[PDB]
C-alpha cells in the first residue's frame, strides 16, 4: 500500500530564467523585486545574492543594505509561465498524476509508473536531466512515500540535486525534524509550538492528540499526523483557480479619495483582462476591494455580484475609504473577484 511521490522544484526559478536569457547575470548578485523607491520586496534571488543574505519576501531596502551591488530585475512573467508549461509537459511524459503547486513545482504520483523499471529515483533523475536539456534550467527533486516528506526532501539536495526517503528511513528522519519544516507550520505556529516546548516531530509524537485538537483545532490533527509521517493527501490533478485579484502598492501613501479612485481606474482594465482569459462573459460569484492602511492593517469588503463591474467596485471602495479608514494614509489598493463554482 506504499505510494511513490515525487516533488519536483525549479532552482531559483525566476532568477534562473533571467540568467539563462542573459548570461551576463550568472556570477553577479541579482534579484527579481520592486525597487526601494517602489517600496518593493525580493521575489527571489540567485546564489551570488543569497550569499549576502538576500532572501525571498525581504524588503528591497534590506536586501540592498546586505548586498549594495544587487542587480534588481522587474520580472518577465510570460517567460516564467512558458518555462512552467514546458516542465509540466515534461511531467506528462511520465504520468498524468500531476498536481502543480505553482509555476515552478509539482507533485507527481509515480506509484503505477512502469517508467525506469518503476524506480522513482531514476524517474526523478530523468525529469531533472530532461528539464536541464530542452530548457537549460536546473531542478531539484524529492522522493518519499507521501506529499509533505517529498516536498521537504526536494530542499535537502538543492540546487540541481535530489533526495529519497524510504519508509524504513521515515522514523529517523522524523525524530529530529523541526516542526517549522512542515508545510503549513509558519512563524506564528512555530512560535506557539515552541512556547509549549514543542520543536520537532519527535516532540509532537509524545503528545496527546486530544490536547493538540483543543489547543489547535484541525491544524493540531495535521500536526499529530505529520509528526508520524502520516499524510494521506492524494495527488490531485483536477484543481482549479477560485479567485483573481489585482492590487497595487503606491510609492507613497494616499490621503485623498481622488487619488484612490485614480488607482482603481488603472487597476480595473487589468482585472477585466485577466478575468476574461478564463471567463469571457465576465460572469463571477463575488467582487470586492481591498485597502491596506498606514498601520499595515488590511480590510476587504466583497459581496455577491453577478458580473465584473467597475462602478460598483468604485462605490464599494468609496464606502470602505469613508468608513473603515479612520484618517490613516493608504499604501495599497486592490480589486478582487471570487469565481463561480464550476
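Positions refer to the first chain, counted from 1.
- Set 98-106 against 164-172 and average the Cα temperature factors; 164-172 ends up higher.
- Checked against the record, the higher mean CA B factor of 5-13 and 328-336 lies with 328-336.
- Set against one another, the Cα B-factors of 189, 227, 243, 136 in the record reach their highest point at 136.
- Within the listed group 223, 235, 196, 143, the record reports its top CA B-factor for 196.
- The PDB entry assigns residue 159 a C-alpha temperature factor belonging to the lowest third of its chain's modelled residues.
- Looking at the C-alpha B-factors along this chain, the one for residue 310 belongs to the middle third.
- Ranked by Cα temperature factor within the chain, residue 84 sits in the lowest third according to the deposited record.
- Per-chain ranking of the deposited C-alpha B factor places residue 201 in the lowest third.
- When all modelled residues of the chain are sorted by CA temperature factor, residue 147 is found within the lowest third.
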